[PDB]
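So the structure is just underneath, and the comments pick up after that.
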Amino acid sequence: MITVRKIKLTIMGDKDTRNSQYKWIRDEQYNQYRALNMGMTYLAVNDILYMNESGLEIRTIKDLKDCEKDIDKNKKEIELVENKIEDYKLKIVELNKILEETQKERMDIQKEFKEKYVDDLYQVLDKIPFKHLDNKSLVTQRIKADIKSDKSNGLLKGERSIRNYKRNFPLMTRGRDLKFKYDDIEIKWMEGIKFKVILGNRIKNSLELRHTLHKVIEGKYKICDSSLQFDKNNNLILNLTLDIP
Amino acid sequence: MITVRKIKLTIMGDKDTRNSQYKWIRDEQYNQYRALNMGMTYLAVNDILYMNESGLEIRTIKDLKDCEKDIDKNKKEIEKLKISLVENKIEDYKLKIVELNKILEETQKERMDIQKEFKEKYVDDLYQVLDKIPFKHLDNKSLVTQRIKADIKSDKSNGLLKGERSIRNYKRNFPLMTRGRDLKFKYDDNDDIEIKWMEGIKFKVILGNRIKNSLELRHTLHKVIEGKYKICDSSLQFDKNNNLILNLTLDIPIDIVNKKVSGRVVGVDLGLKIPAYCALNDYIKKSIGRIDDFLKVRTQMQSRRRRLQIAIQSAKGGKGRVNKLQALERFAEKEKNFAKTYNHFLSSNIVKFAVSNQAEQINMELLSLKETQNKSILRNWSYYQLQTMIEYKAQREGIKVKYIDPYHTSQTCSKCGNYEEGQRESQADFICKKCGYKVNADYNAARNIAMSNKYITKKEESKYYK
RNA sequence: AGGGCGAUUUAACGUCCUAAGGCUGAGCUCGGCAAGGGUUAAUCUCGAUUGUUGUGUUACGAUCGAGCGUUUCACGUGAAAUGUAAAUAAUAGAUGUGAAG
DNA sequence: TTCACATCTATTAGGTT
DNA sequence: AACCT
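Chains B and A supply the protein sequences, listed in that same order.
What the first sequence shows, in PDB author numbering, is residues 1 to 79, 108 to 211, 215 to 276, in sequence order.
What the second sequence shows, in PDB author numbering, is residues 1 to 81, 105 to 305, 308 to 491, in sequence order.
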């Protein structure tokens, strides 16, 4: 079973280098937040436009049902007369044209869905000023998996609203992006960044942390996708997720 | 102004007529449950799309204009003329416009007019779109759409877009809603109170069996019948015991006049022997609480709560959902209502004391601090509830509420004002080291709080703060 | 010992039902089964004048008396109201912390 | 994974066929 | 009792 281990990290270098690294990380997390919002909104529009109804189609189907019930009750009550005959002829031709309008509007909705699907939803080439390339790949995998579960929990029928995404969301990182080794233990990462684990003693914890890091540096266990985030105190918490098969 | 009165109700008809009306009520709650969520989804998607669509392009235009002005001003500074910082800002603004130009190119592709198609097809006709769920009474759409339209605007004003807070996720417990002029009160032959409610069966008001002890409800219902007390939008909700309760909401016009002495104020404190003692400012006092009731009922309440906690944790699952949910809901309601009742008791006594001797203003020790929660009997209490009720009943009678800092309140004389350590040498009495003043500790604290005039509003604006 | 039930919320009193701090159903999954009594009352003793439903049903009280215990005011005494006591703004979400597999 | 409490916002429809 | 706003 997969598990999560919470670690506190620090980065070394010149003070200006530290400022640049932290500004870069903050801006990248801001970009990831924006990307999640974009993707979720577009895919939600995609799923609304196809399965659910539309505005005027209901406004017309209600009139169709009204005319159908009117004709039914008139037929029931009927069993001088030319007025009623002309009345239900008018009603039946109105029903025919109403059916035509409903069919054409449904065709409009369906063709709009077909046209939008590949033009603006097959892959989102809409650009957020990402400072890395792979972060788009992680974003799409995260939205697509979320809506599948959320919709199956009743999001389509109206039992739960769409999942908003907040700033405090951790900065997603690929498993291969970060590498760790001892020189204390340093966290080699992309963009030429080598974090350093505090490993310092703590009253509640940070004693088994040494044991688990020594276990994982041995190569016994593989690293899965992890997350990186700030805290109420700036500490660059690494929400490392270690998985055991 | 507005106020709410709770009433229990019953249906008129045979044994089987109750089943139909109960099913009607349950289904009309379920439909509203679905409609609120759908409306929230649609409006959230629309308003995200607006800023995520062309609004991005106009934002980029504004950004580019401001940046070009910035480098233009930077160029002007360079001319006037250090030069190093100038070139630095230049390269910065350069890369800025660069990426910005990529953004502008990607936002000008014009592949679809998504905003307009969505705005016309769904959001401008959300009323009719909601009809996909079979509202048995079709007029409730207006209530749902009004509530949703107001709620999204308020939530957006709170900071929804920036990513601070999530989207609302209404739960199945949401009560049914009724219109204002949809409830008509009319006397019955048996002198009951009958309410006519559309699409089904009317409602009788259970109003006691003996009229000795329920004269207050009768007066309010009468004032409603003659229309003195305007009726506003109400709600219907079932208790855990399937008793229909109608949150009758009244908009009472407040026009009573109570003359008040100019400048006379009161003060409150939370001692270890009085739950809330108080006094005046300008030989007047009124103890409110009693230890021998509060500390003896809450003790057994929490004790039996912990007993059932031990029982459920000891049992393998506690027989699961049935017993778990029963115990959880029972204790939750019991403790929350007990706290609500006691907060009513304290606040009502305070305001009644204030109004009896024609007070004009109220001061009391600021709540919610790290202090004033300790050194008090109400060690774990819903302080915000009392905070709300005191302002409510004060404004209902034209009284203002202000808060003051709690520093040096326990160990400062209220006659001379000297500050020394140990001046409260006796727990049950106070003796001044300078003027020889002999008054009780609670009265000295109340006088101290009444005298003070250093009103504070936020936690950070305190003499001591961490 | 817990819970209904006494116009709603608390605590005590009054009366009923239980291991519903259970059992039984259908296709790993989802549901059903409890509660004043009967004309002297369902929350002080008794007195007078009065009723209402008609029977084990959605259709048991009013008014004067006393005694009995409460609260408040002046100098333990006297006055008022009380009828178990104290209350009667209530929903909905968001954000923050705890407990239990 | 799934339940509780404390602080803090805004609300409670009108007119017309 | 519904629609529109």
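Heads up, the beta-carbon is just placed ideally off N, CA and C, and yes, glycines get one too.
Alpha helix (DSSP H) segment containing residue i, residue limits
i                : result
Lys8 (chain B)   : Where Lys8 (chain B) is concerned, there is no enclosing alpha helix (DSSP H), although the beta strand (DSSP E) it sits in stretches over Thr3 to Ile11.
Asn368 (chain A) : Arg346 to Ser381
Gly442 (chain A) : Element bounds for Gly442 (chain A): n/a, residue is neither H nor E.
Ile234 (chain A) : No alpha helix (DSSP H) holds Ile234 (chain A); DSSP gives it neither H nor E.
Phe319 (chain A) : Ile316 to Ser339
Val152 (chain A) : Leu149 to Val152
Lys176 (chain B) : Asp162 to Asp178
Run of the beta strand (DSSP E) containing residue i, from where it starts to where it stops
i                : result
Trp220 (chain B) : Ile216 to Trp220
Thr201 (chain B) : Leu199 to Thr201
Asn270 (chain B) : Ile268 to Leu273
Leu259 (chain A) : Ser257 to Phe261
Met389 (chain A) : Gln386 to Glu390
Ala302 (chain A) : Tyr300 to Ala302
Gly290 (chain A) : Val288 to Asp292
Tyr210 (chain A) : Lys207 to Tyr210
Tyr428 (chain A) : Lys425 to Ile429
Per-residue contacts from residue i into chain B (C-beta, under 9 Å)
i                : result
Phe141 (chain A) : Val45, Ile48 and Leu49
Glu129 (chain A) : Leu153, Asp154 and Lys155
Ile126 (chain A) : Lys155, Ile156 and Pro157
Among the options, the one whose alpha carbon lies nearest that of residue i
i                     : options                                   : result
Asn368 (chain A)      : A:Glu396, A:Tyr409 and A:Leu391           : A:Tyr409
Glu446 (chain A)      : A:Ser439, A:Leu64, A:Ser435 and A:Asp454  : A:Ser435
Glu486 (chain A)      : A:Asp27, A:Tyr462, A:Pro431 and A:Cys441  : A:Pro431
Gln260 (chain B)      : B:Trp24, B:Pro198, B:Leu244 and B:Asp215  : B:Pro198
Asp211 (chain B)      : B:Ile156, B:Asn266 and B:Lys225           : B:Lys225
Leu153 (chain A)      : B:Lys263, B:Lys6, B:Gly55 and B:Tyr252    : B:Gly55
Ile190 (chain B)      : A:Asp148, A:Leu43, A:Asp274 and A:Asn74   : A:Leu43
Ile25 (chain B)       : B:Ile268, B:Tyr50 and B:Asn52             : B:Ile268
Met12 (chain B)       : B:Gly250, B:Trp220, B:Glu249 and B:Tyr252 : B:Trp220
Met326 (chain A)      : A:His160, A:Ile126 and A:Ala364           : A:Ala364
residue 306 (chain A) : A:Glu77, A:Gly223, A:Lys76 and A:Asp147   : There are no atomic positions for residue 306 (chain A) here, as chain A continues from 305 directly to 308.
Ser401 (chain A)      : A:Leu123, A:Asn264 and A:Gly294           : A:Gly294
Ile234 (chain A)      : A:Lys251, A:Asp214, A:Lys227 and A:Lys253 : A:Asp214
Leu184 (chain A)      : A:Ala466, A:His433, A:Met51 and A:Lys359  : A:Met51
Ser439 (chain A)      : A:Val247, A:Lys458 and A:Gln452           : A:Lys458
residue 306 (chain A) : A:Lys105, A:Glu390 and A:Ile335           : For residue 306 (chain A), no position is available: the coordinates of chain A end at 305 and pick up again at 308.
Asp274 (chain A)      : A:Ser328, A:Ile456, A:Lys253 and A:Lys144 : A:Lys253
Environment of residue i [buried if 16+ CB atoms lie within 10 Å]
i                : result
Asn473 (chain A) : buried
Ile120 (chain B) : exposed
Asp14 (chain A)  : exposed
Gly39 (chain A)  : buried
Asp136 (chain A) : exposed
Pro298 (chain A) : buried
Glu68 (chain A)  : exposed
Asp454 (chain A) : exposed
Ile2 (chain B)   : exposed
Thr41 (chain A)  : buried
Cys441 (chain A) : exposed
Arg331 (chain A) : exposed
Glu128 (chain A) : exposed
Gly423 (chain A) : exposed
Partner residues on chain A for residue i, Cβ-Cβ distance less than 7 Å
i                : result
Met38 (chain B)  : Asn52
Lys144 (chain B) : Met135
Cross-chain neighbours of residue i in chain A, by beta carbon under 8 Å
i                : result
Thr41 (chain B)  : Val45, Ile48, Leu49 and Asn52
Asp147 (chain B) : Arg134 and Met135
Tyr33 (chain B)  : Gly186
7 Å Cβ cut-off: residues of chain B touching residue i
i                : result
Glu122 (chain A) : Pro157
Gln151 (chain A) : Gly55, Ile58 and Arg59
Residue i: CB within 6 Å of a non-hydrogen atom of the ligand ADP
i                : result
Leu267 (chain B) : The model on display carries no ligand, and the ligand ADP is accordingly not part of it.
Output, in sequence order along the chain, the residues in the stretch 155-167 of chain B whose CB is closer than 9 Å to any CB in chain A. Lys155, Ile156 and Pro157
With 8 Å as the limit, tell me which residues of the stretch 233-254 of chain A have their beta carbon closer than that to any beta carbon of chain B; keep them in chain order. none
Got a sec: which bits of the stretch 57-74 of chain B sit with their beta carbon under 8 Å from any beta carbon on chain A, in order along the chain? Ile58, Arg59 and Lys62
Residues in the stretch 9-26 of chain B with C-beta within 7 Å of chain A's C-beta atoms, listed in sequence order? For the stretch 9-26 of chain B, the beta-carbon criterion of a distance under 7 Å to any beta-carbon of chain A is satisfied by none of its residues.
Cβ-based contacts, 9 Å cut-off: residues of the stretch 187-204 of chain B near chain A: When C-beta distances to chain A are compared with 9 Å, the residues of the stretch 187-204 of chain B below that value are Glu187, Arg188, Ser189, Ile190, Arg191, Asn192, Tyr193, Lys194, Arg195, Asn196 and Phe197, in chain order.
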